[PDB]
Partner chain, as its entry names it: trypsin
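One chain follows as structure tokens, the form solved without the partner chain.
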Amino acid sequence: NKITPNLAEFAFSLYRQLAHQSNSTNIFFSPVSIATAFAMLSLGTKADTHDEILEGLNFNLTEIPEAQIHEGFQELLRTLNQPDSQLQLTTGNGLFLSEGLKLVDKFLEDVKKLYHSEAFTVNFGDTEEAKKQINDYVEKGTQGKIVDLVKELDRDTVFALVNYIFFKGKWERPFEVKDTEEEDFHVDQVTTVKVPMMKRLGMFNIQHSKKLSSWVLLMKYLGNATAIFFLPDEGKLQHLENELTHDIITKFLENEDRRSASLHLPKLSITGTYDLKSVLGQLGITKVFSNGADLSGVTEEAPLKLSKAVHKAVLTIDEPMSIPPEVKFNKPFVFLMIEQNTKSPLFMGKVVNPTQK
């Protein structure tokens, strides 16, 4: 897909901002779902408000026409909404707009038809009930999986955007199931937590990378998704995060060479929740959240700004005579989950503490 390189750069920009903030925290977000939400929001924006959003998603507006960006997002959504993808992946965007605002019909039509998102009218005069209605939409949309997503709403809220993505992870290849034996996971030098570990001896798409100083393992999942796990060598996590590029990842995805290996793979479910106003502001997306926002494509008469923007991402695990290498994913590791048809980054992150709340 034409916009995959831009989404890859957005994934790295967002990942590196979060990793810079704290080196002890888990990171788990969807570059694809966040960018889709903000490209959608951009249809109701104009001038510097609009340009800041697309440049914030790593689209250089002097090189790529806007029509190709929206076509790229619509094609991506078509791929993600295919039956087999829908079996494992649920994605959605909820726009909550203050009642009594005269909404632009073209924006509502473009949101539903092009981005498959829902726009709702809500009473923000009752901030506790509005927060309940938003959370009920997310809970209904995720069949109970995501609850109390919006913990607090500002008193002056007139417009909220909620972006969610849920992935049911299951290995595509049938494997000889073993007991998930509890094993040590070295969070750091003095911290160890127990995790269910699946032990396997087989032919795996695994290699040790000199450039990245890491073991690199590629695994296939139901829903046309491939995960790439980077297990850094001792003291090389920062080097790994610094050296990652889109071209390096493409080379890994094109490789089909396999080798015998004894792997210890933790059966981990992961979640990430972000305040996009804070995170995206550091990437230069600020005007749409300010009093000066040009949201005249959403409402023509009244002033409007995006008061609240939240992202929630959830992954749950469903379910040679020479001694081969033994690789245990029993310490912090970085990951990317790619959609196979588009090569888009569905998820990106790092597991530091598997039992982190």
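Numbering follows the first chain given and starts at 1.
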Deposited residues lacking coordinates between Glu319 and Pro320 (none, 1 to 3, 4 to 9, 10 or more): 10 or more
Could you check which stretch, 259-267 or 178-186, carries the larger mean CA temperature factor in the entry? 178-186
On average, are the C-alpha B-factors higher in 129-137 or in 269-277? 129-137
Among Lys220, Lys251, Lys145, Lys287 - the residue whose C-alpha B-factor is largest in the record: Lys145
Using the temperature factors in the entry, find which of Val150, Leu231, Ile206, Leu161 has the highest value at its Cα atom. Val150
Where does the C-alpha B-factor of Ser13 rank in its chain, lowest, middle or highest third? lowest
Which third of the chain does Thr25 land in by C-alpha B-factor: lowest, middle or highest? highest
Should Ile323 be placed in the lowest, middle or highest third of its chain by the C-alpha B factor in the entry? highest
Based on the entry's values, in what third of the chain does the Cα temperature factor of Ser85 lie: lowest, middle or highest? highest
Chain-relative C-alpha B factor for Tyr115 (record values, thirds): the highest
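This protein has a second form, the form deposited with the partner chain bound, left out of what is shown; the following refers to that one.
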I have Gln17, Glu55 and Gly281 flagged as a candidate spot, so tell me whether each of them has a non-hydrogen atom within 4.5 Å of the partner chain in the deposited complex. no
Exercise: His70 in contact with the partner chain in the deposited complex, heavy atom 4.5 Å: no
Using heavy atoms and a 4.5 Å limit, would one call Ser290 a contact residue for the partner chain in the deposited complex? yes
Would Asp51 count as a contact of the partner chain in the deposited complex, using a 4.5 angstroms cut-off between non-hydrogen atoms? no
4.5 Å heavy atom contact, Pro303 to the partner chain in the deposited complex: yes
